[PDB]
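Here's the structure we're looking at; comments come further down.
Every chain is numbered from 1, with letters handed out A, B, ... down the list of sequences. Atoms within each ligand, like the ligands themselves, are counted from 1 in listed order. Heavy atoms only: backbone and side chains are in, while hydrogens, waters and symmetry mates are out.
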Amino acid sequence: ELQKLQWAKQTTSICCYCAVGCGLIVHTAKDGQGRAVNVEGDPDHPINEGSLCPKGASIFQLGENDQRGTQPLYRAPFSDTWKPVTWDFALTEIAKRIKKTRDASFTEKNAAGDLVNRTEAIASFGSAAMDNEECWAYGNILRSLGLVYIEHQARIXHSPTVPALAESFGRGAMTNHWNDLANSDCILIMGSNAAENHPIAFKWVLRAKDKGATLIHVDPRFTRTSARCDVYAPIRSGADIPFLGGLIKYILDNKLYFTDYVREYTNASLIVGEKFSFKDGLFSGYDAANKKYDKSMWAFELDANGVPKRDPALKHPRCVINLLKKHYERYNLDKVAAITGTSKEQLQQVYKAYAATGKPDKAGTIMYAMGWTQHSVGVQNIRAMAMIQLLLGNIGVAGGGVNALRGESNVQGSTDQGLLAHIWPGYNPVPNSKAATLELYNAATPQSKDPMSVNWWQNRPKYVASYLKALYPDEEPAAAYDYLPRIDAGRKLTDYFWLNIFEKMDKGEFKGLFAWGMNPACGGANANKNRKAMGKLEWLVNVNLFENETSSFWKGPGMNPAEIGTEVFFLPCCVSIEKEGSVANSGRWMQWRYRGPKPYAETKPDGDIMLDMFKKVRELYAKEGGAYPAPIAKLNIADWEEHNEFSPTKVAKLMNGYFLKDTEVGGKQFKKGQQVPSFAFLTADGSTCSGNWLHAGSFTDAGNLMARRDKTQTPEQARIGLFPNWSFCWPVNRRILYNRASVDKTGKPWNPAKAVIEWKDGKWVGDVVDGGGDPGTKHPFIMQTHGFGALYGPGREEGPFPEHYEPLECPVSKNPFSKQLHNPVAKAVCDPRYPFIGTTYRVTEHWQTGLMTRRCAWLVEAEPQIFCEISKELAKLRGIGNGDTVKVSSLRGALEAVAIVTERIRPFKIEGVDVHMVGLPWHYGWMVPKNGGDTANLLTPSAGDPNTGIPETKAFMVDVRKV
Amino acid sequence: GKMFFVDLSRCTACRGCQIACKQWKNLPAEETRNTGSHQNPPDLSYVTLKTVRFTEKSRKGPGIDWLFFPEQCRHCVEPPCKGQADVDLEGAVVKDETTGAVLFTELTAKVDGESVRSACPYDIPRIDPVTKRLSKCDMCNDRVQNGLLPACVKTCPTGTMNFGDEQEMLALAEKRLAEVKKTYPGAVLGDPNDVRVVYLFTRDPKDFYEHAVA
Ligand SMILES: Nc1nc2c(c(=O)[nH]1)N[C@H]1C(S)=C(S)[C@@H](COP(=O)(O)OP(=O)(O)OC[C@H]3O[C@@H](n4cnc5c(=O)[nH]c(N)nc54)[C@H](O)[C@@H]3O)O[C@H]1N2
Ligand SMILES: Nc1nc2c(c(=O)[nH]1)N[C@H]1C(S)=C(S)[C@@H](COP(=O)(O)OP(=O)(O)OC[C@H]3O[C@@H](n4cnc5c(=O)[nH]c(N)nc54)[C@H](O)[C@@H]3O)O[C@H]1N2
Ligand code: SF4
Ligand code: SF4
Ligand code: SF4
Ligand code: SF4
Ligand SMILES: [S]
Ligand SMILES: [W+6]
């Protein structure tokens, strides 16, 4: 035996860092009673097979860390010191703060006299770090208290994705999963550094290569990913659409598209109305006054029944395919080669290698994460990837897909639970002031008159009603709909998002902020503005693992505690391996993890913190009364707790949903109290509850499917690695989305050797079919109104076809593709004292702002200090030596960093001028370690895009000087 | 006995192996500074049994050849470090009959530190300045004797790290050398008749590290 593990209890967990969702084994002392003694990889886990990157590998040192918070802490106004306090004190005083601010600032009706029932005096940040049951409970706590400013991580990195892919495929999610990468014949990594940022992914990527796949990295920098790809193609910042447009042209010119796939399963055959045109970088319906398009001009021509017209011959010149052909003829190799900085020869190499996956029995996959999709045409960057994938028949198939890599462990889950301002859980929009009734809300859902179009979103009313019944089961949904806050229809949607929360905070327009499992003092662009602006808060709640730059902004660099009047509550939360619950990985795998050791010192799961806090508010409102108490008093929290404790288990069962009385649905009978077996069996009439319709199927009468650890596979499942008995993915355990597109109209795979589904006997064998019905009797994209994979996407603000608009303001003065330089539906200074393009990115060893990993000695050991990566060309110019201290400065702030001179950075050629790019990690902050450095967000602008409301962190103007 | 096959053509320099070695033995972290490199700690020491060395080599066309070298004791079939210390004390350095692990014991405090280091062709052994004990990769002999993989091998995501019986490992190495040659035509095995840690180099081993091979 191994003495270290001999007397320890062994439990399973899921990594608390990136969205790969690697399995852990935890060993806990005194047969589970004491502290963890060991944390390493779970060798039975089908994704990581026991392997861990240094972040997963160091989770022991994250957990058993003497620097972790021990108890609630309290900072009095204008005080320069923390005072330890009890949980009883912290939560009551916070519960009073919530009620005071709310009672004062609550609004039943807006200026227009529309019912809204909200407070705009409190904002919340976070979080994708919390468990799914914690995220859902949190969303519903904040909404009962009437908040509309509810944001988290997802806004910055995964918001320009949901629309791009929803427009294209019907859903905003990663199409395949990690294990499926191994089935690809060509892997294109573009806007991703996955070897460093999703490291276990590279297990399956290199297994693709073992079976003959080509690995292509397309990055402005040569990274650890590049080191291990067959082809590295440098691209200059924001040249991605030229690159992707040139590929679309290459595919059509050389007829490398999957012809049958395109004709049947895309909208190639749909006829676009005569009012669609594109001339000189603008589409038709453009309004120069309002910098906005009238999208009604982009409508399909409809037949008598309202169904878009189709020419299956693809001959009509107003066919999507023919308009697509015409639109991308401008993107020839010479123009694309010139603007991207990628050689003509290297474009041909990458286009040939990837467009070859147009073969029915070859599959190509695209991997992108955050890259530079931050700007206003990030959504159009992604739309182009979708379109290339629909052209080559790569959507629905093994080794295909748009693999939009999620960032955090549970950012997929936290978005799914509606911790963004615009969505309730299950992506039901937050009703606006003009959705006066539940009936009006439900009338906003488009219908289709195509009998071959499933159009699943017509079921919305059953999901909204079942949702309202999980929060307010004693009320009719129709009545409960009035309890929850509404946003102004008259107001712009971005005004409720991340960056405008920082604008409003700097204008003193917020009393309280929740910084719940985030570090905005380092995470937000323009850190100096934000740190000052937090000084204009009345109260601040920070729930975190450690004291940090947010909890202690008031004693930050150049700050006088005495003058800063912000009251701060620091609540220390327990680590991932010290609580039970689920995280949803990038592949939608909702995986159950267990408690190893008991919480460290007096730390609590976020569940108990938020529940106890709300219970205090609630009993306060039973004592004092105050502003519209019905939403707080009526909230069903009894379904959340067991034995005076937040119950991950029960909350999960509620989110899945159960019948509130005896019901007949889909020709089957169900008893009161019985768990809902699928979202197919939810109702709009109040028979069913369900906190999240996507979770309906996850925790049934059969048990907790998220907790399954069964590697049983049929031959056909094992060949592509579906592992359908390993945990559970939404929707209804469909591992690969749009899989109906992977077979012909007889139900035979395009690629039988890597079949996703197959029609054998009178059934679909393999993955769960993404849409019921016999082969050739349904359109494959069931969440689409019209049912087709969209090449032409007329719901996008920027136009129905991706077009190149320069995201770089400063160093570019002319567009080679039109008269239109910048995004025509969108004032940077470009002070010549800042002649270089600063960018921020990650290293393998650190996590986010480094709040966590800067407390882990083994990660500091490998990456102890903020560095500045520059080319040999720029080191010659500013006289920088490898290792020399340098000063990186911008209009927003300045910092010191260690110079790394490397050939991995190169000058870009932009309009016959050498433009130097300098790189920084944003993993550093003033609190830890000693000599570590502060956040690169000292340098970044908080000027965002009116489209996305996301700030610039990948191309911002800096100067770099030797010290 | 047992053997490591390290296919350096699959390494992403994630440094899982580096962290994992220290988590398993609960080794302390060194004081480090960035001196214009990702490589840290800069060298092996008494508390660091494995560090990943980073080398940037120029090449025609975009990018570079980025060479990664996770360094450890080679657990030599005929250990020169033993042969040296056996003149001072037959016990300080011993060889496990079952695994072929070369193990430094507590009796290394009763030998010449530098003498045992200099005798090692790979410059592996390190000295605690306080206590004068020799430390290095011990092959996770503990774990192997209990049927577990070494921490650095289990944690590696790329298939770079491989462990098992010397018959299977020399079989894997020779078959993998053939397949990797198709991409990197100058790919070689490091001293594959003298060591139990057989690195596959994508080119001249000396580009990865001066002491990569004997
Ligand atoms: N080690 C580590 N891994 C992480 C994280 C972490 O903090 N540390 N965070 C996680 C989170 S929350 C997220 S959202 C993801 C983000 O994952 P990534 O998007 O992979 O992360 P970055 O390194 O910020 O950016 C990826 C790459 O985009 C490149 N890039 C920059 N500008 C452009 C451009 O104009 N075009 C193209 N094609 N590429 C460009 C950069 O050079 C960089 O190599 O990573 C996750 N994984
Ligand atoms: N310049 C620049 N800025 C960026 C980015 C960039 O690339 N460049 N990336 C952006 C992106 S993609 C993201 S995701 C954001 C991330 O920004 P933040 O979310 O603010 O990042 P951190 O706070 O560093 O990391 C997440 C937090 O999770 C907390 N945590 C961990 N486990 C738990 C738990 O169980 N409960 C609770 N309550 N908290 C827990 C940790 O304490 C840590 O503070 O940063 C954005 N900012
Ligand atoms: S950070 Fe991501 S890749 Fe690394 S161990 Fe955790 S889940 Fe796996
Ligand atoms: S864990 Fe494997 S891939 Fe990562 S640095 Fe070590 S040997 Fe290379
Ligand atoms: S590599 Fe050096 S220290 Fe290790 S067994 Fe060989 S001679 Fe001894
Ligand atoms: S075999 Fe064990 S001691 Fe040697 S480097 Fe690997 S983890 Fe460290
Ligand atoms: S994220
Ligand atoms: W992110």
Side-chain angles (χ1 to χ4, degrees), chain A residues 13-24 39-42 45 47-48 50-59 62 127-129 152-159 161 178 194-203 369-370 374 405-409 411 414-415 518 523 576 583 585-586 591 842 844-849 852-853 922 953, chain B residues 12 14-16 19-20 44 49 71-85 93 95 100-104 108 116-126 134-139 155 157 190-191 194-197 211 214:
Chain A
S13 190
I14 300 292
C15 190
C16 57
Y17 291 118
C18 95
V20 165
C22 298
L24 316 174
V39 185
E40 62 188 68
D42 180 348
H45 198 288
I47 293 183
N48 62 312
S51 31
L52 289 176
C53 86
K55 292 188 301 307
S58 61
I59 277 174
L62 174 70
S127 172
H152 83 278
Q153 292 91 346
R155 179 57 60 199
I156 298 105
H158 300 328
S159 276
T161 284
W178 299 109
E196 302 202 45
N197 292 343
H198 298 99
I200 267 56
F202 237 79
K203 182 182 287 297
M370 202 212 344
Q374 298 285 292
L405 313 191
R406 270 39 176 170
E408 290 218 42
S409 43
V411 65
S414 47
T415 305
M518 297 190 70
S576 64
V583 292
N585 87 341
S586 198
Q591 300 187 82
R842 305 127 161 73
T844 311
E845 292 80 1
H846 284 291
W847 187 244
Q848 314 263 257
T849 69
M852 294 181 72
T853 63
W922 63 284
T953 64
Chain B
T12 67
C14 73
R15 281 193 278 194
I19 275 60
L44 302 175
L49 317 181
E71 185 181 17
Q72 58 175 113
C73 167
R74 312 300 197 284
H75 294 268
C76 318
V77 169
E78 283 194 320
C81 55
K82 180 164 191 295
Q84 193 61 32
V93 183
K95 198 163 200 261
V102 181
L103 302 165
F104 291 176
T108 51
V116 176
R117 171 160 190 175
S118 287
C120 173
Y122 303 100
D123 191 46
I124 287 293
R126 293 290 180 282
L134 297 177
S135 77
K136 62 170 188 71
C137 156
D138 72 350
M139 182 165 151
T155 205
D191 304 327
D194 278 316
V195 301
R196 291 186 172 282
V197 187
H211 306 296

Short list, please: which atoms of ligand 3 are under 4.0 Å from a heavy atom of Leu52(A)? 5 (S)
Apply side chain to side chain contact (heavy atoms under 4.5 Å, CB included) to residues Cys15(A) and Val20(A) and explain how you reach the verdict. CA-CA 8 Å; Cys15(A) 190; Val20(A) 165; over 6 Å; no
What distance do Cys18(A) atom SG and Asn197(A) atom CG have between them, rounded to the nearest 0.5 Å? 8.0 Å
Note on atom 6 (Fe) of ligand 5: protein N/O/S atoms within less than 2.8 Å are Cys76(B) SG
The answer for which part of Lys136(B) has a heavy atom under 4.0 Å from ligand 5 is side chain
A student checking ligand 3 against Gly21(A) at a 4.0 Å heavy-atom cut-off should list atoms 7 (S)
Residue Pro199(A) vicinity, atoms of ligand 3 by number, heavy atom under 4.0 Å: 3 (S)
Answer yes or no for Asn48(A): is there a heavy-atom contact with ligand 3 below 4.0 Å? no
Is it true that the side chains of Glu196(A) and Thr12(B) contain a donor and an acceptor less than 3.5 Å apart? no
Near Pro125(B), which atoms of ligand 5 are under 4.0 Å from a heavy atom of that residue? 3 (S)
Can a donor-acceptor pair be found, under 3.5 Å and without considering hydrogens, that links the side chain of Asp138(B) to the backbone of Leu103(B)? no
Return the CD1 to CD distance between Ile47(A) and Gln591(A), rounded to the nearest 0.5 Å. 5.0 Å
Considering only heavy atoms of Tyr17(A), which atoms of ligand 3 have at least one such atom less than 4.0 Å away? 1 (S)
As an exercise, identify every atom of ligand 3 less than 4.0 angstrom from a heavy atom of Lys55(A). 1 (S)
When rounded to the nearest 0.5 angstrom, what distance separates NE2 in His75(B) from SG in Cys137(B)? 3.5 Å
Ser135(B) versus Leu49(B): any side-chain heavy-atom pair under 4.5 Å? yes
Name the closest protein heavy atom to atom 8 (Fe) of ligand 3, giving the residue it belongs to and the distance to 0.1 Å. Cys22(A) SG, 2.1 Å
Verify side chain to side chain contact (heavy atoms under 4.5 Å, CB included) between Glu71(B) and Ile124(B), making sure each step is shown before the conclusion. CA-CA 8 Å; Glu71(B) 185 181 17; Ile124(B) 287 293; 3.7 Å; yes
Decide yes or no for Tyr17(A) and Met852(A): does some side-chain heavy atom of the first lie under 4.5 Å from some side-chain heavy atom of the second? yes
List the closest protein heavy-atom neighbour of atom 4 (Fe) of ligand 3: residue, atom name, distance to the nearest 0.1 Å. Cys53(A) SG, 2.3 Å
So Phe202(A) and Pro157(B), do their side chains get closer than 4.5 Å, heavy atoms only? no
I need the nearest protein heavy-atom contact for atom 6 (Fe) of ligand 3: residue, atom name and distance, please. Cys15(A) SG, 2.3 Å
Atom indices of ligand 3, in the order listed, that fall short of 4.0 Å to a heavy atom of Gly56(A): 5 (S)
Given side chains that start at C-beta, do those of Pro80(B) and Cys120(B) come closer than 4.5 Å, heavy atoms only? no
To check your reading of the model: name the closest protein heavy atom to atom 2 (Fe) of ligand 3, its residue, and the distance in Å. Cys18(A) SG, 2.3 Å
Does a donor on one side chain and an acceptor on the other come within less than 3.5 Å for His152(A) and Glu408(A)? no
